[PDB]
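The chain below stands alone and is given in structure tokens; this is the form deposited in one PDB entry.
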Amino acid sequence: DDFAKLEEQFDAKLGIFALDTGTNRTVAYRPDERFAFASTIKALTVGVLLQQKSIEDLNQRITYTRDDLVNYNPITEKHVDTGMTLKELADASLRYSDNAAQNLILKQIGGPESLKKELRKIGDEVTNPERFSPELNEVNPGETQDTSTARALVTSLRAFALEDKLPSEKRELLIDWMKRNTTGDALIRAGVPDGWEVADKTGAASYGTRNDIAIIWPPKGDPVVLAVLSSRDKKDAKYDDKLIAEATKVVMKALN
């Protein structure tokens, strides 16, 4: 098995689940193993923002200071003086993984416990949002706060992006943002041929956790939804993006 081999090669533990929505074929490898979701949660978080706001409501302007800024604020740091609309915060959070943007959105939806409630409402009993960004990244093995599984992230991302947890114009915003992600070139995108459209959201945390979740549109045929998660046994361990890229090529082989 190629997935076992990857784990061997990169001294890491993989979580994989992929679903071909056209065939209902799946590819699983530790699909129900828990991993820190890290910033992949940003995607489900915007899912819930969109469900709870009209499109026009995303034009509301959010004011903030350097106190609402945290460790990684690539877009938010530019706009302290003017603020940002919810729409521009969605963009920043999904496409640059802006942590402060995530916290600001999370506050608009009522916080982690309110995100959790909303995910339970759409059918996800697995994903456990507990903390703000960045501290959600600090997860020790055995703990369950701020964790999910490859199976559940796929199911939940599909529910918002492709099914009926959102109306079509809102699913379109979500997919556009995710399609135009900037943080993912060496991950799922590097394990798919060019001209296969990918919408993804990356994550990284402690214990060398390195995640990517995606919807992949092959040139014709229905989309594949895919989570590829990984983690290692030392708290301060490095991850290797190539593992996600290689895993991704294995999934596509197995599905075709």
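One rule holds for the numbers: they count along the sequence shown, beginning at 1.
Omitted from view is the form deposited with a partner chain bound, to which the following refers.
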Does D67 reach its partner chain in the deposited bound form if we count a contact as any heavy atom within 4.5 Å?
yes
Quick one: does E118 come within 4.5 Å of its partner chain in the deposited bound form, counting heavy atoms only?
no
Looking at the partner-bound form in the deposited bound form, is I62 within 4.5 Å of its partner chain by any heavy atom?
yes
Contact test in the deposited bound form: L104 vs its partner chain, heavy atoms, 4.5 Å
yes
